[PDB]
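Novice: only geometry, no sequence info:
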């Protein structure tokens, strides 16, 4: 069991009906380092409810 | 200009001197009440306010 605590409150007035997540891509000299095959997604899992 | 967003500019609030151990009318952050203030041992969580 885990209890979640408030962090921040925003006063923005926008309306939201959709959203998306942003991921980090690793580029290095061990890979081609391009947008075709040099990217690596690493290890990560996120669950949506 | 006022919009659907909540108002965020107004006259600054004034903090009067605290009075202890006497039945006094009080207004803490918009919470109004009539009672006697005393020092309390119980500890709140940081985000909790009352």
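Specialist: Good, I have the coordinates. Residues are numbered from 1 along each chain as shown, chains lettered A, B, ... in the order given.

Novice: rest of the way, CA atoms for contacts and neighbours
Specialist: Will do.

Novice: run a quick neighbour tally on residue A:17.
Specialist: 4 (other C-alpha atoms under 10 Å in any protein chain shown).

Novice: can you give me the distance of it to chain B?
Specialist: Taking C-alpha to the nearest C-alpha, to the nearest Å as the measure, residue A:17 falls 18 Å from chain B.

Novice: dump the residue contacts of the closest residue to chain A within chain B.
Specialist: Residue of chain B nearest chain A, by C-alpha to the nearest C-alpha: residue B:5 (5.2 Å). If you count contacts by C-alpha atoms under 8 Å, 6 or more residues apart in numbering or on different chains, residue B:5 has them with A:11-13.

Novice: what strand or helix carries it?
Specialist: Here residue B:5, judged by DSSP states H and E, is contained in no helix and no strand.

Novice: now do residue B:32
Specialist: strand B:31-36.

Novice: what lines up beside that strand in the sheet?
Specialist: Partners of strand B:31-36 in the sheet, by DSSP bridges, are strand B:23-28 (antiparallel).

Novice: gap between the strand it pairs with and the chain center?
Specialist: Counting by C-alpha atoms, centre = their mean, to the nearest Å, strand B:23-28 is centred 9 Å from the centre of its parent chain.

Novice: now do the buried residues in that strand.
Specialist: For strand B:23-28, the neighbour count (16 or more other C-alpha atoms under 10 Å in any protein chain shown) marks residue B:26 as buried.
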